[PDB]
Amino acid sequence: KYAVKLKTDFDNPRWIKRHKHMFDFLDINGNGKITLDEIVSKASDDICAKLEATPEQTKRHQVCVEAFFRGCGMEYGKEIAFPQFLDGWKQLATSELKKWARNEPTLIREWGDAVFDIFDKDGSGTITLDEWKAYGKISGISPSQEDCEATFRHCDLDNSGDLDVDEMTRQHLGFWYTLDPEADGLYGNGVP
């Protein structure tokens, strides 16, 4: 009655290969295993150092990356291979889509909040192309300057050509969770 079907396509190779691409990126030494320890050191503490984020921003960012990948079933001290990684993404995505439909806070959005906070010079919550290019290179999500520019042509921008968190979070829902065709090309040619 009150039920609505959630947009998912977890059996599609295009969604599987998206997270396989990122898993290999996390799998620095290419041994097929990753840990939450490495994610939080690389994907958080080391990004915030290069971005010169404040200590509190560094802490808040760590809390959000920590919580996000715990929603994937990862815990400190546990090695994780891709099959488990992808099964956790199925659970994470399904959970996140329900929270979103119910207007409950989502891990993807809070992660986005922590990132935008680092680039919130004036408090209006804007990310400029130049800021994104720096993030994309430091986080490794988008080192190519061309890809970063494609991301901004792809996204809806404000009057200054800038980007806000709601937009990027809605893109992320389509790109990482549901495989919405509207999110295709979010990172240009950097991520399939």
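Residue numbers run from 1 along the displayed sequence.
Q: Based on the deposited C-alpha B factors for this chain, I'd like to know if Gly174 is in the lowest, middle or highest third.
A: Lowest third.
Q: Based on the entry's values, in what third of the chain does the Cα temperature factor of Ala134 lie: lowest, middle or highest?
A: Its C-alpha B-factor, which the entry lists for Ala134, ranks in the middle third among residues of this chain.
Q: For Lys90, return the chain-relative third of its C-alpha B-factor as stated in the PDB record: lowest, middle or highest.
A: Answer is middle: the recorded C-alpha B-factor places it there.
Q: Should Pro83 be placed in the lowest, middle or highest third of its chain by the C-alpha B factor in the entry?
A: Within its chain, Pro83 is a lowest-third residue by C-alpha B-factor, going by the deposited values.
Q: Tell me, lowest, middle or highest third: where does the Cα B factor of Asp122 rank within its chain?
A: Its C-alpha B-factor belongs to the highest third of this chain's values.
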